[PDB]
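Scroll down for the structure; my scribbles are underneath it.
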Ligand SMILES: CCCCCCCCCCCCCC
Ligand SMILES: CCCCCCCCCCCCCC
Ligand SMILES: CCCCCCCCCC
Ligand SMILES: CCCCCCCCCC
Ligand SMILES: CCCCCCCCCC
Ligand SMILES: CCCCCCCC
Ligand SMILES: CCCCCCCC
Ligand SMILES: CCCCCCCC
Ligand SMILES: CCCCCCCC
Ligand SMILES: CCCCCCCC
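Residue numbers (the entry's author numbering), protein chains in the order written: chain E, 162 to 637; chain A, 322 to 562.
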């Protein structure tokens, strides 16, 4: 490949000390720059911009200009959009030029020339004349350096970009194991791996001063390395991190071309305010992992997603939570002190193990309810009363035996409501048994038999109607 | 003005989630955001000495920045903070004119000695969050309240505690070495979920009491005694459940 960088050149004429590399300037000059003999090279760039209702002000940064250079800019609307205002300022905001409306008033033009040793220019395009919400006005912006022919360029954009571009960062994340879910405080913990990669020529170095191909930094965060080497680096954080984060194998290494990458193995706890356990245990939850860059989008921005490993890893044995699907996306979110920062989000859809709850809870409850129902075939009401009294205690014993699988959230779930209804019906069975015993005692066995038939007909219908109502009110 | 004036500070606070209440130690934990803003010409600078419009400090408290730049700054503290406080996105940035602002996302645990659970579970509680400036009122003072977001935020799902109303106020409290310091107080009025307790406790208890009451219609007193003896055990079982 080729190479890039700055250089120092020493030329001598009949001065044998030059080959030592230490020749100090002397005598009268004899050579000069060749490029000064002709007209300088031009760079032209064109961009399309849109001024939304809340984005009526836009600014762009230009590369450094050497003394003697010239700067031109022009703006022309795509359609019937009104002509916006244009002006040029330095990096501090000191005004330098203002746009002029041409006699064919369909465009605004600007011009400037460089005087200082180094000039940094910023172009302002704004349409905040008033407060009208025009909508989707769109304009075409043409800008060039040493290009006085921007009116009729003819050629496609040549040279290099006039405006600075943001550094592109490739990110990737993998989840290894879900290590816990807290249902009262609404947070969960996860173990996984994170990887970042970006290219920056300012970090490149020359091998001949170290005799190596790889330079690495270990056991330090990106912020610490950036503060040590006095260069901007793409720092990040977890948006919903709770407490400190444990990290392993944290390393940053760079190549002489300037390609750098970051690696980390983490165990973190994340807050999840969106949890909803109303449909417990048939609830479905979303595990979202958010990674936000701590720099404005004009410096660094996520560009691509890398799948270095499987996003969700397989492990031996069964799990409490089963992942159904996953997704990854890159978006933009508002940032402090204006501007915008990049966000990388990984979402997991999970559900519980249904067979566990079904076999452990519902079948024994059904059997207890059946025991309470079957006793109405007997015509000896003392035995019926005794068995009902025993079955109520059996129901309470089973309820407190399974109490370990009953979350205490401060609000009702489906299981709690079902248990309450079953307990109420079981107690009503004992009440009806007492009433039938008294009726048989007074000599009205026919009424007791009729009540038995009525209960036998009614109870399963009531249970089925309650189940249908719960399904209607919680699952559709 | 002939006399010196105090610097005016704008304060705002929001609550995102109540993450826990400790009823024996009388403390609770909350997650939220805090924002401060003030104006000071002594912090102003010229752009041509840095080539930038914003000067920023990150991951540092107000006290640390004040010690580093050797200028007085409006430091603050939580009055009833228990243990250390977790902070994220902590940043201070200043404009050339001298306008400064502070931002922080916090998770803190606060002592609440005013808790009263005599009327449990029908009790109502107050959650008070107090922010006090660590400087005398002749240097800095809270002047305005900024509502950058909703004071109480909505979240998916049900909550154990339901917020009925909120309020914000600025007052003055005695300060060490005399003088006075400003205080910013946010109060939340909360109540429990009544349906949970009612349906889970009171209906079964009423049914058990009814079972014990209904047996006096019988004239066979052996059955009545047996059912009463069984119902006492059932009551004990429900109580411990
Ligand atoms: C309540 C527990 C379920 C028991 C099965 C009920 C099936 C419906 C049978 C209805 C029979 C009525 C005979 C008088
Ligand atoms: C104690 C559980 C409540 C049962 C209902 C009582 C209602 C009052 C009825 C009084 C009837 C007296 C008949 C001799
Ligand atoms: C596990 C829930 C069982 C509830 C009672 C079933 C009654 C069905 C009657 C047809
Ligand atoms: C609260 C339940 C009331 C049941 C009353 C039973 C009447 C029985 C008299 C023979
Ligand atoms: C998706 C499964 C729907 C559950 C409806 C019936 C619940 C009965 C009470 C536990
Ligand atoms: C974890 C198994 C899902 C539900 C299976 C139903 C079998 C009772
Ligand atoms: C043999 C027991 C049947 C239990 C059915 C209720 C659970 C789906
Ligand atoms: C929704 C809970 C109702 C509790 C009692 C039902 C008695 C049939
Ligand atoms: C959380 C519900 C408040 C009380 C409702 C009463 C219904 C039994
Ligand atoms: C308010 C709770 C006591 C009444 C329970 C009635 C049960 C049907």
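Using N, Cα and C, we set each Cβ at its ideal position, and we do this for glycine too.
Name the DSSP beta bridge partners of residue i, please?
{"i": "residue 508/E", "result": "449/E, 488/E"}
{"i": "residue 271/E", "result": "234/E"}
{"i": "residue 298/E", "result": "212/E"}
{"i": "residue 381/A", "result": "In DSSP, residue 381/A forms no bridge with anything."}
{"i": "residue 418/A", "result": "Note: residue 418/A sits in no beta bridge, so no partner."}
{"i": "residue 356/E", "result": "333/E, 424/E"}
{"i": "residue 501/A", "result": "495/A"}
{"i": "residue 102/E", "result": "Lying outside 162 to 637, the shown extent of chain E, residue 102/E is not represented and no answer is given."}
{"i": "residue 343/E", "result": "348/E"}
{"i": "residue 282/E", "result": "251/E"}
{"i": "residue 513/A", "result": "482/A"}
{"i": "residue 463/E", "result": "330/E"}
{"i": "residue 575/E", "result": "Residue 575/E pairs with nothing; no bridge assigned."}
{"i": "residue 325/E", "result": "For residue 325/E, which the question treats as bridged, DSSP gives no partner whatsoever."}
{"i": "residue 305/E", "result": "205/E, 233/E"}
{"i": "residue 376/E", "result": "415/E"}
{"i": "residue 430/A", "result": "350/A"}
{"i": "residue 408/A", "result": "427/A"}
{"i": "residue 454/A", "result": "397/A"}
Assuming residue i and residue j make a contact with CB atoms under 8 Å, what is their CB distance in whole Å?
{"i": "residue 356/E", "j": "residue 423/E", "result": "7 Å"}
{"i": "residue 515/A", "j": "residue 447/A", "result": "With 8 Å as the limit, residue 515/A and residue 447/A do not qualify as a contact, their Cβ atoms being about 18 Å apart."}
{"i": "residue 286/E", "j": "residue 323/E", "result": "In fact, because the Cβ distance is near 14 Å, the residues do not count as touching under 8 Å."}
{"i": "residue 350/E", "j": "residue 429/E", "result": "7 Å"}
{"i": "residue 524/A", "j": "residue 585/E", "result": "7 Å"}
{"i": "residue 333/E", "j": "residue 468/E", "result": "6 Å"}
{"i": "residue 408/E", "j": "residue 425/E", "result": "5 Å"}
{"i": "residue 403/E", "j": "residue 432/E", "result": "5 Å"}
{"i": "residue 532/A", "j": "residue 552/A", "result": "6 Å"}
Count Cβ pairs between the region 468-477 of chain E and the region 392-402 of chain A that sit closer than 8 Å; are there 3 or more? no
Any contact of the region 231-245 of chain E with the region 269-280 of chain E, i.e. 3+ C-beta pairs under 8 Å? yes
Are the region 312-327 of chain E and the region 202-212 of chain E touching by the rule of at least three beta carbon pairs closer than 8 Å? yes
Determine which residues of the region 561-583 of chain E have a Cβ less than 8 Å from any Cβ of chain A, and write them out in chain order. 561, 564, 570, 571, 572, 573, 577, 578, 581
Of all the residues that make up the region 511-538 of chain A, which are near chain E by a beta-carbon distance shorter than 8 Å? 513, 514, 516, 517, 520, 521, 524, 525, 528, 529, 531, 532, 535, 536, 538
At least three beta-carbon pairs within less than 8 Å, the region 499-508 of chain A to the region 518-528 of chain A: no
If contact is defined by three or more beta carbon pairs under 8 Å, each pair taking one atom from either stretch, is the region 253-260 of chain E in contact with the region 207-223 of chain E? no
Below 7 Å between beta carbons is the criterion; list the residues of the region 480-509 of chain E that meet it against any residue of chain A, in chain order. 497, 498
Below 7 Å from a heavy atom of ligand 6 - residues by beta-carbon: 514/E, 515/E, 516/E, 517/E, 519/E, 520/E
Using the beta-carbon of each residue, find all residues closer than 6 Å to any heavy atom of ligand 3 and list them in chain order. 523/E, 526/E, 527/E, 530/E, 621/E, 624/E, 625/E
Are three or more beta carbon pairs between the region 322-338 of chain A and the region 398-413 of chain A nearer than 8 Å? no
Give a yes or no on contact between the region 586-594 of chain E and the region 525-536 of chain A, applying the rule of three or more CB pairs nearer than 8 Å. yes
What residues from the region 430-449 of chain E come within 9 Å of chain A, judged by C-beta to C-beta, listed N to C? 432, 434, 435, 436, 437, 438, 439
Counting pairs of Cβ atoms below 8 Å between the region 567-576 of chain E and the region 431-447 of chain E, do you hit three or more? yes
Identify each residue in the region 584-607 of chain E for which the Cβ-Cβ distance to at least one residue of chain A is less than 8 Å, and report them in chain order. 584, 585, 588, 589, 591, 592, 595, 596, 598, 599, 602
Using a Cβ cut-off of 8 Å, which residues of the region 396-418 of chain E contact any Cβ in chain A, in chain order? 398, 402, 403, 404
If you measure beta-carbon to beta-carbon, which residues of the region 253-276 of chain E are closer than 9 Å to chain A? 253, 254, 255
Residues of the region 279-306 of chain E whose Cβ lies closer than 9 Å to any Cβ of chain A, in chain order: 281
Going along the chain, which residues of the region 542-562 of chain E sit with their C-beta nearer than 8 Å to a C-beta in chain A? 543, 546, 547, 550, 551, 553, 554, 557, 558, 560, 561
Residues in the region 342-353 of chain E with C-beta within 9 Å of chain A's C-beta atoms, listed in sequence order? 345, 346, 347, 348
With three or more beta-carbon pairs closer than 8 Å as the criterion, would you say the region 408-419 of chain A touches the region 376-390 of chain A? yes
Interface residues of the region 352-386 of chain A facing chain E [CB-CB below 9 Å]: 352, 367, 368, 369, 371, 372, 373, 374, 375, 377, 379, 380
Near-chain E residues of the region 450-484 of chain A (beta-carbon distance less than 8 Å), N- to C-terminal order: 476, 477, 478, 479, 480, 481, 482
Taking contact to mean at least 3 C-beta pairs separated by less than 8 Å, is the region 486-493 of chain A in contact with the region 533-545 of chain A? no
Cβ contact (3+ pairs, closer than 8 Å) linking the region 239-253 of chain E and the region 164-181 of chain E: no
Members of the region 325-343 of chain A that neighbour chain E once the beta carbon cut-off is set at 8 Å: 337, 338, 340, 341
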